[PDB]
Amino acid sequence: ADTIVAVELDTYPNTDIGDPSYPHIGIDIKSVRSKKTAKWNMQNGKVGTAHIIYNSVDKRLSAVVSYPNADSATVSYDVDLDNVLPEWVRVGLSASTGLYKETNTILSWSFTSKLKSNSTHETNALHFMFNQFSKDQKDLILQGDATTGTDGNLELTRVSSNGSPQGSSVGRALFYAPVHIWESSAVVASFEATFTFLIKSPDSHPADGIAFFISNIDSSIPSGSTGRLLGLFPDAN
């Protein structure tokens, strides 16, 4: 019953529910079955960067994921957010593990959104930038197994003291302030988000992924959304 728009960094192929058979990035509009995907050549244990852009002139959502010294993977999709999301939203990061597992570490996150009235041609804007997360990060709403402050990082899913990821974990971090995403079909916010992430797995099989998401302001982790549902969806429809 939540409304979700997300960019997923999907590390585990769930072909039974429409994943491609390889790690991929995807654009999810109200469904874990991505509207568009691109192959992702994941590098275990290297810091990656994700960049997400929504152009309100073209109403086009795009995402680029890359590592230093490697090609990027890119995916783009036409979507009118004014016709999918409520007027006010929260933005967040989500991750999960299932039978297989991985660290889901966020080293930094920034976000910018601008909403320009055509009434006044003046602009409301929100910008935030995390380059360090503290043990008491009061401007984040943490959900599930998410924690902050270990080495200054945000750990979205559970990691034991020895440093090993745990399976069957789900966690999210939403920015405290709601975001005004649209006022009309003619007035929709432009925004961009960037985060750096570190996904490590002991097994040859990391799972399940990280996502940047946009939700209704009161969104919470859906029941049974560990594993392939990325902490985002109550089912695989």
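The first residue of the sequence shown is number 1, and the count goes up from there.
Entry-level comparison of average CA B-factors, 162-170 and 121-129, reporting the higher stretch:
Taking the mean B-factor of the alpha carbons in each, 162-170 is higher.
Can you tell me which stretch has the higher mean Cα B-factor, 112-120 or 79-87?
Per the deposited B-factors, the answer is 112-120.
Just grab whichever of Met42, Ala211, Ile27, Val179 has the top CA B-factor as deposited.
When the deposited C-alpha B-factors of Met42, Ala211, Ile27, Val179 are compared, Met42 is largest.
Candidate set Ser94, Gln143, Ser134, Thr74 [ranked by C-alpha B-factor, highest]:
Answer for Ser94, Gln143, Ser134, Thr74: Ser134, with the highest C-alpha B-factor.
Relative to the other modelled residues in the chain, which third contains the C-alpha temperature factor of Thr150: lowest, middle or highest?
Its C-alpha B-factor belongs to the highest third of this chain's values.
Taking the C-alpha B-factors as the PDB entry records them, is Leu230 in the lowest, middle or highest third of its chain?
For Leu230, the deposited C-alpha B-factor lands in the middle third.
Ranked against its chain, the third holding the CA B-factor of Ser190
Answer is middle: the recorded C-alpha B-factor places it there.
Entry-reported Cα temperature factor of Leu61, expressed as the chain third it lands in:
For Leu61, the deposited C-alpha B-factor lands in the lowest third.
Quick check on the deposited entry: does the C-alpha B-factor of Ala70 sit in the lowest, middle or highest third of its chain?
According to the entry, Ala70 has a C-alpha B-factor in the chain's highest third.
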